[PDB]
Amino acid sequence: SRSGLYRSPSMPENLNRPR
Amino acid sequence: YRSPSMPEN
Amino acid sequence: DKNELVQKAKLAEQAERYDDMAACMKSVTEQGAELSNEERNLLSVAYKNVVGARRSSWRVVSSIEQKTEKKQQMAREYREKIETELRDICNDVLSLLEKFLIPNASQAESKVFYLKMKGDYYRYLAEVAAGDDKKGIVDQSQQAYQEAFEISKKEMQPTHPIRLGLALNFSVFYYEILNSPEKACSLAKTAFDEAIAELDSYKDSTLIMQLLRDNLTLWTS
Amino acid sequence: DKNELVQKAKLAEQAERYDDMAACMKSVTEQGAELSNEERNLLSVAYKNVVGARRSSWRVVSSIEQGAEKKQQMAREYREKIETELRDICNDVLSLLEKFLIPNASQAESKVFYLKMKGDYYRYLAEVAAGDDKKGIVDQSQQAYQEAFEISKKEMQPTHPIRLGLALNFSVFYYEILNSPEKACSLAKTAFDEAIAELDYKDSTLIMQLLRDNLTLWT
Ligand SMILES: O=P(O)(O)Oc1c2c(c(OP(=O)(O)O)c3c1[C@H]1C[C@@H]3c3cc4c(cc31)[C@H]1C[C@@H]4c3ccccc31)[C@H]1C[C@@H]2c2cc3c(cc21)[C@H]1C[C@@H]3c2ccccc21
Ligand SMILES: O=P(O)(O)Oc1c2c(c(OP(=O)(O)O)c3c1[C@H]1C[C@@H]3c3cc4c(cc31)[C@H]1C[C@@H]4c3ccccc31)[C@H]1C[C@@H]2c2cc3c(cc21)[C@H]1C[C@@H]3c2ccccc21
Ligand SMILES: O=P(O)(O)Oc1c2c(c(OP(=O)(O)O)c3c1[C@H]1C[C@@H]3c3cc4c(cc31)[C@H]1C[C@@H]4c3ccccc31)[C@H]1C[C@@H]2c2cc3c(cc21)[C@H]1C[C@@H]3c2ccccc21
Ligand SMILES: O=P(O)(O)Oc1c2c(c(OP(=O)(O)O)c3c1[C@H]1C[C@@H]3c3cc4c(cc31)[C@H]1C[C@@H]4c3ccccc31)[C@H]1C[C@@H]2c2cc3c(cc21)[C@H]1C[C@@H]3c2ccccc21
């Protein structure tokens with residue numbers, strides 16, 4: 001659903017170091 | 001860690 | 001042009017650009033007229049996001065400095081870099097509060113709110129101050145909060161979210177800055193109890209009450 | 001020293017200070033040496049966060065541009081401010097790719113990684129391009145992906161997360177830059193099936209889920 005909050009469903013920034 | 005103060009909203 | 005800067009600040013908020021939002025609301029404040037409730041909220045939201053980012057960032061880098069040979073030098077030099085941004089942000093807000101916002105505040109509501117804010121931003125400097133200026137900055141924070149506390153006891157209902165919010169933050173000052181869990185717990189408990197007493201038209205108050213009680217339950221067992 | 005800058009970039013990452021992170025990893029790239037797997041991901045993560053915040057705010061502000069007269073000139077002007085930041089960021093990344101990264105990639109893996117980035121950042125310019133430059137900017141994005149796709153298909157196994165990652169993004173290019181629900185669903189479905197076919201690590205299976213989520217959505 002395309003509104004002003006819509007994210008393009010490409011590669012996200014996952015598998016990185018959380019604390 | 002969070003400081004349990006007033007949030008924004 | 002005061003109206004246009006406010007509309008620009010609202011756009012920045014939607015855009016989640018907080019430095020822009022801050023810049024705009026700073027300029028509004030600098031025109032010297034008393035802020036509306038909406039302008040007040042935009043100002044505080046803006047700077048809270050700006051200061052908040054540095055605070056979290058400071059905490060993370062502080063954690064690393066402890067756990068880190070001369071690699072822990074680099075963390076320290078980065079922490080210092082983050083502090084000078086933090087201190088400049090706090091000193092901006094504090095100037096606005098002295099030169100404009102606190103003197104023009106014509107209602108108790110506005111005065112408590114801006115004194116609370118003053119308390120908050122000295123509390124942020126105190127979190128990050130060295131032992132020479134710490135107790136002096138801690139003092140300023142405690143005064144501002146105390147003055148706000150007195151005014152809101154005489155002038156505002158126990159359910160007023162600004163009074164409850166002051167209570168919440170002032171508890172936190174006592175717990176985190178001075179090391180008094182029971183002095184913090186008292187303030188939060190009475191504020192909460194006093195609010196429950198006035199029950200027997202706002203939903204933000206009950207949210208703040210829930211936060212008060214969450215701090216109690218945490219801070220003691 | 002390269003190791004100083006790389007370790008700063010990691011501190012900057014943990015601090016969520018992505019302008020600092022990107023600056024550090026730019027300096028590393030500018031020293032002319034081929035980056036490690038760690039270094040290219042640091043660079044990629046940094047710039048993706050820096051450009052991503054502009055893309056997000058651009059969309060919100062453009063969407064407000066959809067009423068009055070003087071209010072919507074201000075949104076327009078602000079959008080333009082955001083675009084000019086967005087383009088400066090995209091053009092920093094593309095210069096690094098042209099002058100250092102793409103010409104020094106000794107392996108097919110990193111060649112495909114960088115050609116995908118080139119694709120990505122030209123796609124971000126294309127989202128923000130006007131009537132004139134769009135078709136030319138849009139085709140630069142396409143060539144970058146196409147070359148990446150070709151190298152990927154002969155040199156890399158279908159489960160490799162760079163191959164799958166390229167596919168997801170190249171699918172998204174087709175879908176929203178070129179209005180081809182067909183050529184997007186084609187790319188994505190083959191990549192998924194070809195990766196399913198060669199189950200005989202954790203990143204691969206996640207990108208596979210993302211690829212199918214895009215098919216599921218676009219049906
Ligand atoms: O006993 P621990 O679980 O290891 O926690 C304490 C720590 C530490 C402690 O020493 P300190 O207070 O002089 O910094 C303490 C603790 C326990 C014992 C002491 C301490 C003090 C405090 C608290 C818990 C602890 C509550 C009340 C007071 C406090 C201030 C700020 C947030 C939370 C608290 C060190 C080491 C550790 C710690 C963690 C941090 C930090 C520093 C430390 C920096 C970065 C992060 C942080 C979060 C919030 C504010 C500041 C920081
Ligand atoms: O953060 P600091 O300003 O360096 O304060 C701590 C101190 C000390 C700390 O180590 P400690 O665990 O052996 O007491 C600490 C702190 C900070 C970091 C650690 C600590 C622990 C704790 C708190 C703050 C701190 C909150 C939560 C926990 C605590 C217990 C009792 C009252 C208040 C607290 C030393 C040195 C200093 C301190 C002060 C006192 C005492 C001891 C100290 C004696 C006498 C007085 C005191 C008051 C209340 C109870 C007991 C005491
Ligand atoms: O009919 P809708 O459900 O309200 O969605 C469409 C819209 C609009 C449409 O017109 P457009 O084609 O010129 O963008 C469309 C839609 C539906 C019909 C047409 C459109 C085109 C497209 C899509 C959905 C729609 C998918 C494939 C293509 C597309 C591009 C980028 C993201 C998602 C898509 C306007 C109005 C609305 C819209 C929303 C946005 C935007 C513009 C609009 C801006 C800001 C936000 C946005 C998200 C992502 C990129 C760009 C934007
Ligand atoms: O991104 P745009 O250059 O604004 O493309 C759109 C157009 C048009 C749009 O309006 P429309 O919905 O009434 O056709 C749109 C677009 C964008 C915004 C709206 C639109 C709608 C849609 C898509 C993109 C767009 C994706 C999702 C939806 C769609 C249906 C079929 C294929 C692809 C899509 C007009 C003008 C243009 C267009 C092109 C064509 C056609 C019509 C148009 C005819 C002939 C060719 C075509 C291809 C496939 C099916 C039908 C056609």
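With only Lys, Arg, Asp and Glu charged, each at its Cβ (+1 for the first two, -1 for the last two), find how big the charge dipole of chain D is about the Cα centre; round to the nearest 20 debye.
Dipole about the Cα centre, nearest 20: 400 debye.
Using only the alpha-carbon atoms, what does the range D:104-219 span along each of its principal axes? Please give whole angstrom values in decreasing order.
49, 41, 20
Taking each pair of distinct Cα atoms in the range D:54-146 once, what is the resulting Kirkwood hydrodynamic radius in Å?
Evaluated over the range D:54-146, this radius sits at 14.6 Å.
Given Cβ point charges of +1 (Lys, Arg) and -1 (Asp, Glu) and nothing else, what value in debye, to the nearest 20, does the dipole of the range D:116-219 about its Cα centre take?
40
Which order, highest average first, do D:141-148, C:212-219 follow once you tally other Cβ atoms within 10 Å for each residue and take the mean per peptide?
The peptides rank, most packed first, as D:141-148, C:212-219.
Take peptide D:73-85, look around each residue's Cβ out to 10 angstrom, count Cβ atoms belonging to other protein chains, and average those counts.
2
Return the average number of partner chain Cβ atoms within 10 angstrom of each residue Cβ along peptide D:52-61.
That works out to 5 on average.
Provide Rg and Dmax in Å for the protein assembly as shown, with only Cα atoms included in the calculation.
Looking at the protein assembly as shown, its Cα Rg and Dmax stand at 26.1, 78 Å.
Among rounded, prolate and oblate, which fits the range C:1-65 when a ≥ b ≥ c are the square roots of the eigenvalues of its C-alpha gyration tensor, a/c under 1.5 means rounded, and a/b larger than b/c means prolate?
It comes out prolate by the Cα gyration axes.
Extending each Cα 7 Å along its Cβ direction at C:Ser106 and D:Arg212, get the distance between those two points in nm, one decimal.
6.4
Considering only D:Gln66, D:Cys24, D:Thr159, whose Cα is most displaced toward the positive end of the charge dipole of chain D, charges sitting on Cβ of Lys, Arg (+1) and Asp, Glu (-1)?
Final value for the positive-end residue is D:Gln66.
If you take the Cα Rg of chain D and divide it by 2.2 N^0.38 Å, with N the number of residues, what do you get?
1.08
Among C:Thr68, C:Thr84, rank each residue by its count of other Cβ atoms within 10 Å, from fewest to most, as a rough exposure measure.
Ascending Cβ contact count within 10 Å gives the list C:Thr84, C:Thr68.
Relative contact order for the range D:110-167: what percent, with Cα pairs under 8 Å and sequence separation of 6 or more?
41
Can you figure out the FRET efficiency of C:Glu77 with D:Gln157, using R₀ = 56 Å and their beta-carbon distance, to the nearest 0.05?
0.80
With each pseudo-label sitting 7 Å past Cα toward Cβ, what's the D:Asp203-A:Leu5 distance in nm, one decimal?
Going by the 7 Å Cα→Cβ label model, 3.1 nm.
May I ask you to list the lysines whose Cα is less than 19 Å away from that of C:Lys111, ignoring any residue fewer than eight positions away on the same chain?
Answer for C:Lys111, where 19 Å is the Cα cut-off: C:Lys26, C:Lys48, C:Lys99, C:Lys153, C:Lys154, listed by chain and number.
Near D:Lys8, which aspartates and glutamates are there with a Cα under 17 Å away, not counting those fewer than 8 places off in the same chain?
C:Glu65, C:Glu69, C:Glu77, C:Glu80, C:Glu83, D:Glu16, D:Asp19, D:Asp20, D:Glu30, D:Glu38, D:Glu39
None of the figures in this text is laboratory data; all of them are computed from the coordinates on show. Methodologically, a virtual Cβ is constructed for each residue, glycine included, from the backbone with ideal geometry; neighbour enumeration extends over all protein chains shown.
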